[PDB]
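Report on the structure
So you can see what is in the structure, the chains are spelled out below.
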Number of protein chains: 4
Amino acid sequence: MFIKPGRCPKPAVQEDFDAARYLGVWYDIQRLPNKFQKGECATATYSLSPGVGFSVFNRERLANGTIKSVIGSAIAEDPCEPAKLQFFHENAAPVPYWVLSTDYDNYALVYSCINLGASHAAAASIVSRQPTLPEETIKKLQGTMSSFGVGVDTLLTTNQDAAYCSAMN
Amino acid sequence: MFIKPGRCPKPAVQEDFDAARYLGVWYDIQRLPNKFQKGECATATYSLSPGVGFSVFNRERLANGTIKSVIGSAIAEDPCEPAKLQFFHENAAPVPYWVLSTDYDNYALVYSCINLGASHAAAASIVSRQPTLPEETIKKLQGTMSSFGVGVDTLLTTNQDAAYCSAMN
Amino acid sequence: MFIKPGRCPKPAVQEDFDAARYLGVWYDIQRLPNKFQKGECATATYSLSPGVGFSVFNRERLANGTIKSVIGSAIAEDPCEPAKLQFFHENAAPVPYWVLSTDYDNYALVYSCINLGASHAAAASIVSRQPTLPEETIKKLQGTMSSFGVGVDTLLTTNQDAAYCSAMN
Amino acid sequence: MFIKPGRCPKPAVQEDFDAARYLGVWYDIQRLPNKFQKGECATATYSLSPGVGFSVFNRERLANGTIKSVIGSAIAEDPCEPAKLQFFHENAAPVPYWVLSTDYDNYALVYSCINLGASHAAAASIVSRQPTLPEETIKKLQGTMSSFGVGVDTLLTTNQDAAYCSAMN
Ligand SMILES: C=CC1=C(C)/C(=C/c2[nH]c(/C=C3N=C(/C=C4\NC(=O)C(C)=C4C=C)C(C)=C\3CCC(=O)O)c(CCC(=O)O)c2C)NC1=O
Ligand SMILES: C=CC1=C(C)/C(=C/c2[nH]c(/C=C3N=C(/C=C4\NC(=O)C(C)=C4C=C)C(C)=C\3CCC(=O)O)c(CCC(=O)O)c2C)NC1=O
Ligand SMILES: C=CC1=C(C)/C(=C/c2[nH]c(/C=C3N=C(/C=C4\NC(=O)C(C)=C4C=C)C(C)=C\3CCC(=O)O)c(CCC(=O)O)c2C)NC1=O
Ligand SMILES: C=CC1=C(C)/C(=C/c2[nH]c(/C=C3N=C(/C=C4\NC(=O)C(C)=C4C=C)C(C)=C\3CCC(=O)O)c(CCC(=O)O)c2C)NC1=O
């Protein structure tokens, strides 16, 4: 199920979020079941933007070996709340993007929730600067999610095997 | 599935919508699969409000014979667009309510869609001032929906049988 | 003036706000300069609503003795933040209404800010269950506003002299 | 003044708007009174963005010869309405930006309105690819604004005299 009961949670975000250090490539390690990622080998590339915010380039290897991509823009509409962002993708409506925790150098936890009456629809990914994350960090970012309701048993481990994700090199 | 592909449509609404005549009791005849209606015998009661807009009282007979109810408030945030309303229910986030077509005296078609990136989540009900609607009107309000994408084959015919909905009298 | 430099602040609101004990009649003691109050002797009557939230009745005397009034509906769009309400006045667009402090029985502090780029337009009023309030309360509620950037030297003391306000039976 | 009575209009926008042909340098010819332009010789440079939308560079001369500038990002939040854009300027909150008419090669009409209860605050500018525009074009774009309530007698002609604007290499 993608519509989970209950309204959107209001989890804590990363304090003094430095977007400049958050830039670069991030590998999807574990993700909540979503409908936008239709393949595996997912990567998020955050690069510089001429105006405000940063740019977004997302890539995945579909099962047919085809690499699908989406471009987008990221802005924190409240500059005093830099970790709560709004992501504007192509052919898409504005979606929320909240950095809950990151070291900028190894791990990152991201959350998106849109309210639907008394139900909600959420997106979550555990990302790494490498195609793998230590199990300790995964178990700790999984506890941050369990703390505000997420069934960390619904999490899907994204395939990042070097031989399968070879077209993404 | 409750998350359908594609963004929210922008269908046409009832012209010169008179909310005063739309007040009263409406019976659910056919509805898109939703998560808020967990029973049958659904009824919508729109009554007067002391300030702006009108009040909302929704009732259904659950399978245990229990009548569940929800109260709410309805406001058209744009007075020059009176058919595009916002419904504020209890323990719920603000949801959209658009009257697409009504005679005020027999039939009414309602639509709610919230965007979720490149996907959407929608609610739809064909309502009648009586527990039944003629099949001609159902087939015509079903064509208005087919015209903007709705799979009118996903529609659920709400049970309004007099003997089963007897606790709602 | 009315459009002041700087984005809107996000002040703290009253905790465990009870809109039921907030119901009744509030008299304007002091107000930030605004464009909707074109008179004095102002009163805000918060009443009950059949649906969600409370009803609004705002009354004031103009310099020509005429009593002008407005009706509106008040709704907390997030039930988990019931002190951050939205006010839907007649012939008017949705405007914010935040109860920052209230003892329900004597005083209340209210703030409204809409963002206008790098500037803002704000409304704030100190209210009482009586046509007067003690200087100690006025001075502490002024210190709360001062903490978030409000020039308390721009505030205007509303006229609540029973002789001037005699048309308010 | 700046806060004018009445809610915001919903004017018509340019059809099949091409943001690519809209890119480049636009000079301010005439403008509605606003609080962000504190000088003259104004220019808006619309450039390319690595993600969604275009970049913004707004430049003006102050009475003291200093050239003040702002950077921002422009995004059409609804891809099916690309002429209704949102502008995210630096140190500023999201503000609306609507291209109502443009031939891309000579003229453009732009409007912004945020609602302030039963009042409103609006921004509008007539732009040219040259520091001047023909009276026939100015007069037709004034008639478009006049159709939706804009007092064209409040408009201000921006100074684009090459001698005064000499600091703009
Ligand atoms: C409910 C919230 C919600 C979010 C957050 C969201 C994001 C989002 N991700 C997308 C694609 C994508 N998103 C990713 C990857 C990621 N995306 C991430 O949020 C992160 C951190 C990764 C992980 C690396 C990839 C690889 C694509 C491209 C998929 C494709 O083109 O097939 C798109 C493009 C539209 C689409 O193809 O469906 C959107 C809007 N959509 C939503 O509905
Ligand atoms: C995606 C949009 C969307 C809408 C529109 C929506 C409406 C909505 N309908 C509700 C209940 C209800 N709604 C109805 C009935 C109706 N409801 C109607 O929209 C109409 C026209 C009928 C038909 C008569 C009933 C009977 C209940 C009470 C269900 C219960 O309490 O068990 C509630 C209360 C919260 C809940 O119990 O889930 C909401 C928010 N929720 C959404 O997520
Ligand atoms: C930027 C935010 C903002 C707010 C909050 C706002 C409220 C607001 N107050 C109004 C009327 C009014 N408002 C009040 C009274 C009050 N108002 C209060 O919120 C309180 C506490 C009092 C004081 C007791 C009165 C008396 C009127 C009617 C004035 C008249 O009709 O002459 C109206 C009706 C529109 C109008 O008459 O112009 C609005 C929208 N307007 C805005 O632009
Ligand atoms: C209510 C709506 C609204 C809008 C649209 C708006 C735009 C806007 N224009 C700005 C700067 C600016 N705006 C412009 C120029 C232009 N601006 C234009 O949209 C166009 C067409 C020109 C003219 C060519 C310039 C030159 C500056 C910088 C002024 C300076 O720094 O002194 C800023 C930065 C904040 C500031 O410097 O105060 C904003 C938010 N602000 C608002 O409040």
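Residues numbered from 1 in each chain as written, not as in the entry; some residues may be left out. Chains lettered and ligands numbered in written order. Heavy atoms only, no water. Residues with missing side-chain atoms left out of burial classes, pairs and counts.

Bringing the site of ligand 3 into the picture now. Taken together, 20 residues lie near ligand 3, and C:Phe36, C:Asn58, C:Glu60, C:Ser112 and D:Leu116 sit nearest. Two or more chains meet at ligand 3, and those chains are chains C and D. One of the backbone N or O atoms of D:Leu116 is found 3.2 Å from an oxygen atom in ligand 3. Summarising the interface, the protein chains cover 92% of the accessible area of ligand 3, which totals 850 Å² for the free molecule. Secondary-structure elements contributing two or more residues to the shell around ligand 3 are β3 (40-48), β4 (54-61), β5 (67-75), β7 (95-102) and β8 (107-116) of chain C. (Near = heavy atom within 4 Å. Polar contact = N/O pair within 3.5 Å; in protein donor to acceptor, adjacent residues only side chain to side chain. Areas by Shrake-Rupley, 256 points an atom, 1.4 Å probe, with all protein chains shown as cover. Helix = DSSP H or I, 4+ residues; strand = E, 2+ residues; numbered from the N terminus.)

For the coordinates displayed, the defined rule picks out eight disulfides over all chains. Two residues, B:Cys41 and B:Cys165, share a disulfide whose sulfurs are 2.0 Å apart. The S-S bond linking B:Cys41 to B:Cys165 shows a torsion near -80 degrees; that makes this disulfide left-handed. Here B:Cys165 lies in the segment after β10 (156-157) and B:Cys41 lies in strand β3 (residues 40-48), a separation of 124 residues in the sequence. In this structure, B:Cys41 and B:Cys165 share a single accessibility class: buried. For chain A, the bonded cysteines connect in the pattern 1-3, 2-4 when numbered consecutively along the sequence. B:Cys80 forms no disulfide, and the closest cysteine sulfur to it belongs to D:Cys8, at a distance of 12 Å. (Disulfide = S-S within 2.5 Å. Buried < 20%, exposed > 50% of the residue type's maximum accessible area, 1.4 Å probe, protein only.)

Let us look at the relation of the copies chain A and chain B. Its rotation angle being 180 degrees, the transformation that places chain A on chain B also includes 0.0 Å of axial translation and leaves an RMSD of 0.0 Å. Classification of the inter-copy transformation places it as that of a two-fold axis. Same-surface contact between copies: 100% of interface residues of chain A are shared with the interface of chain B. (Least-squares fit on C-alpha atoms. Contact = heavy atoms within 4.5 Å.)

What follows deals with the pattern of salt bridges. Where side chains of opposite charge bring their charged atoms close, a pairing between them can arise. The full count for this structure, using the stated rule, is 14 salt bridges over all chains. Taking the shortest distance from any N to any O, the salt bridge between A:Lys10 and C:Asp78 comes out at 2.6 Å. Here A:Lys10 is found in the loop between β1 (3-5) and β2 (24-31), whereas its partner C:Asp78 is found in the loop between β5 and β6 (84-89) on a different chain. Salt-bridge contacts for A:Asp78 lead to C:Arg7; the nearest nitrogen and oxygen are separated by 3.8 Å. Placement of the pair is A:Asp78 in the loop between β5 (67-75) and β6 (84-89) and C:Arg7 in the loop between β1 (3-5) and β2 (24-31), with the two residues belonging to separate chains. Overall, C:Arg7 belongs to the partly exposed group, its relative accessible area being 27%. One continuous salt-bridge network, built from bridges that share partners, spans A:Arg7, A:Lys10 and C:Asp78. (Salt bridge = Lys/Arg side-chain N within 4 Å of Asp/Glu carboxyl O.)

Turning our eyes to something else, we now look at the site of ligand 2. The full set close to ligand 2 counts 21 residues, and A:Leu116, B:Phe36, B:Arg59, B:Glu60 and B:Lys68 are the nearest of them. Surrounding ligand 2 is a set of residues that belongs to chains A and B. In this structure, an oxygen atom belonging to ligand 2 sits 3.2 Å away from a main-chain N or O atom of A:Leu116. Within the side chain of B:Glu60, a nitrogen or oxygen atom sits 2.7 Å from an oxygen atom of ligand 2. For ligand 2, the accessible surface in isolation is 830 Å², of which the surrounding protein chains cover 90%. Broken down by secondary-structure element, the contributors of at least two residues to the shell around ligand 2 are β3, β4 (54-61), β5 (67-75) and β8 (107-116) of chain B. When its residues are assigned to classes, the shell around ligand 2 shows ten nonpolar, seven polar and four charged. (Nonpolar A, V, L, I, M, F, W, Y, C, P; charged D, E, K, R; others polar.)

Attention shifts here to the side chain of C:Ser119. All names here are of chain C. Here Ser119 lies in strand β9 (residues 119-128). Of the residues examined, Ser119 reaches a relative accessible area of 17% and is grouped as buried. When neighbours within four sequence positions are excluded, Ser119 is seen to be in contact with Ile3, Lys4, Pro5, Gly6 and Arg7.

Taken residue by residue, the interface counts 18 residues in chain A and 18 residues in chain B. Across the chain A to chain B interface the summed buried area is about 1,300 Å²; carbon plus sulfur atoms make up 72%. For the pair chain A and chain B, the interface holds zero salt bridges. Linking chain A with chain B are six residue pairs in polar contact, by the criterion used here. (Buried area = accessible area lost by both parts, 1.4 Å probe.)

Quoted interface sizes are often the accessible area lost when the parts come together. Of the residues lining the interface, six residues belong to chain C; the matching set on chain A comes to four residues. Of all residues in chain C, C:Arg7, C:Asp78 and C:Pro79 bury the most surface against chain A, accounting for 74% of the area lost on that side. For the pair chain C and chain A, the interface holds three salt bridges. Put simply, chain C and chain A have one residue pair in polar contact between them.

Let us now look at the UniProt feature "domain: Lipocalin/cytosolic fatty-acid binding" (unreviewed entry) in chain A. Following the UniProt record, the feature "domain: Lipocalin/cytosolic fatty-acid binding" (unreviewed entry) maps to residues 18-159 of chain A here. Taken as a whole, residues 18-159 of chain A contains 9% helix and 49% strand, while its terminal C-alpha atoms sit 29 Å from one another. (UniProt positions renumbered as here; feature names shortened; annotations may be inferred.)

Take the packing of aromatic side chains next. All names here are of chain A. Applying the stated rule across the entire model yields 44 aromatic pairs over all chains. Here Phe17 and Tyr104 contribute two aromatic rings whose centre-to-centre distance is 6.0 Å and whose plane-to-plane angle is 25 degrees, an arrangement assigned as stacked. Taken together, the positions of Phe17 in the loop between β1 and β2 and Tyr104 in the loop between β7 (95-102) and β8 (107-116) put the pair 87 residues apart, joining distant regions of the chain. Side by side, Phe17 and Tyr104 carry an identical accessibility label, which is buried. (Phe/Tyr/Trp six-rings, centres within 6.5 Å; stacked < 30°, edge-to-face > 60°.)

Let us now look at helix α1 (residues 135-147) of chain B. All names here are of chain B. An ideal rise of 1.5 Å per residue puts 18 Å on 13 residues; α1 measures up with 18 Å between its terminal C-alpha atoms. Listed in full, the buried residues belonging to α1 are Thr137, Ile138, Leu141, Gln142 and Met145. Around the axis of α1, the buried residues are gathered within 135 degrees of arc, so they sit on the same side. When the buried face of α1 is taken as reference, the exposed residues oriented beyond 90 degrees from it are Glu136, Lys139 and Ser147. Buried positions along α1 lie against β2 (24-31), β7 (95-102), β8 and β9 (119-128). Just beyond α1, the residue with positive phi is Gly149, at close to 105 degrees. (Expected span 1.5 Å × (residues − 1). Arc of directions from axis to C-beta.)

Our next topic: helix α1 (residues 135-146) of chain C. Across its twelve residues, α1(C) extends 16 Å between first and last C-alpha, which sits within 8% of the 16 Å expected from 1.5 Å per residue. For α1(C), the secondary structure elements touched by its buried residues are β2, β7, β8 and β9 of chain C.

Moving on, we get to the environment of C:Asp18. All names here are of chain C. Along the chain, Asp18 falls in the loop between β1 and β2. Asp18 sits in the partly exposed class, given a relative accessible area of 33%. Sequence separation between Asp18 and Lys68 is 50 residues, and the spatial gap between their C-alpha atoms is 29 Å.

What follows covers the pairing of strand β4 (residues 54-61) of chain A. All names here are of chain A. As paired strands, strand β3 (residues 40-48) and β4 are joined by seven bridges and run antiparallel to one another. The partner of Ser47 across the bridge, within β4, is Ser55. Remark: five residues form the turn of the hairpin made by β3 and β4, two consecutive strands paired antiparallel; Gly53 in that turn has positive phi of roughly 75 degrees. From the end of β4 to the start of β5, which pair antiparallel, there are five residues, and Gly65 there has a positive phi angle of about 80 degrees. (Pairing = 2+ DSSP bridges.)

A few words on the pairing of β9(C). Each regular strand shows side chains that alternate between the opposite faces of the sheet. All names here are of chain C. Among the ten residues in β9, ten count as buried, and that is most of the element. Here β9 shows no split at all, with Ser119, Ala121, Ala123, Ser125 and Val127 on one side and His120, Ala122, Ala124, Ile126 and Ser128 on the other all buried. Pairing of β1 with β9 involves three bridges; the strand directions are antiparallel. Looking at the pairing, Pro5 lines up with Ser119 of β9. Pairing of β2 with β9 involves four bridges; the strand directions are antiparallel. In the sheet register, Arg31 faces β9, and the bridge partner there is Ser125. In this structure, β8 lies alongside β9, joined through ten bridges in antiparallel fashion. Opposite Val110, over in β9, you have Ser125 as the bridge partner. Counting the residues between successive antiparallel strands, the hairpin from β8 to β9 contains two residues, one of them, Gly117, with a positive phi of roughly 80 degrees.

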